[PDB]
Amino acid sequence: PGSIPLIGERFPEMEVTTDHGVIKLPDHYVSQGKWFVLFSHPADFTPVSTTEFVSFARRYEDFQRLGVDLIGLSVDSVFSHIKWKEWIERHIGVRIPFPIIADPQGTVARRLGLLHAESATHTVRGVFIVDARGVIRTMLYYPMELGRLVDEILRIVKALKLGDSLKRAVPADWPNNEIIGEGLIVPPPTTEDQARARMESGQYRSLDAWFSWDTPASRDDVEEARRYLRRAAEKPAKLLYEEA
């Protein structure tokens, strides 16, 4: 076993060295009202890592539209990061616009619990989704041998910002839930006056007293989430390999 930050905790406070300079987490993002996704990869100039950075870069504007920043992490130097970014631009034709943390002592890695039994020296493929208050909302741990599904990271952030904004819980497989579709779930009643306004009216669909929902997300919001999943499901038209 190892120790990790937990969902509901403030992301651990730290200044990190990146190829963009020194950044304080989570404050750099909190002070702009931004969410961030921090993700790790084992090493620069590795093929799975390179596919992931290109996947994040292609989705960069999707993240920026949600008000989400990206930051990467490995135990490599900032020099390594800059040369890898130049490799990706020269060979794939894609610019990596977001910072990468350089963690050559493993300090950030040990703090975030990103050293698993697959490697004592390089991080697994961790993801921390952190809201605009600096609180950890979701964590994914993918292994050395498997690339992430980046569209699922976009679905998580979008669904969580809708849940927070509309005061709703999000069903499995939203926005394509097999029971309620794009429906969002009404939380249990907090106070008794905000139990009567709901209980003593309709306006909610219900399977039982503990299971009610409505569809309060904008068509734009629902369609943006559905687009993430359609992109994840689409056979790519042209491969970025075929044009060096």
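Residues carry their position along the shown sequence, with the first being 1.
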* Asked: If you average the CA temperature factors over each stretch, which comes out higher, 120 to 128 or 104 to 112?
  -> 104 to 112
* To do: For the higher mean C-alpha B factor in the entry, choose 25 to 33 or 187 to 195.
  => 187 to 195
* Asked: Out of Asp69, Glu182, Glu200, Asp62, which residue has the highest Cα temperature factor in the PDB record?
  -> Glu200
* **Out of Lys158, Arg168, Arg95, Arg148, residue topping the C-alpha B-factor column of the entry** => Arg95
* Sorting the chain's modelled residues by C-alpha B-factor, tell me whether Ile153 ends up in the lowest, middle or highest third. => lowest
* Structure fact -> Of the three thirds of the chain ranked by Cα temperature factor, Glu178 occupies the middle
* Structure fact -> Assert third(CA B-factor, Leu73) within chain per record equals middle
* Asked: Taking the C-alpha B-factors as the PDB entry records them, is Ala43 in the lowest, middle or highest third of its chain?
  -> middle
* Give the position of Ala209 by CA B-factor within its chain, expressed as the lowest, middle or highest third. => highest
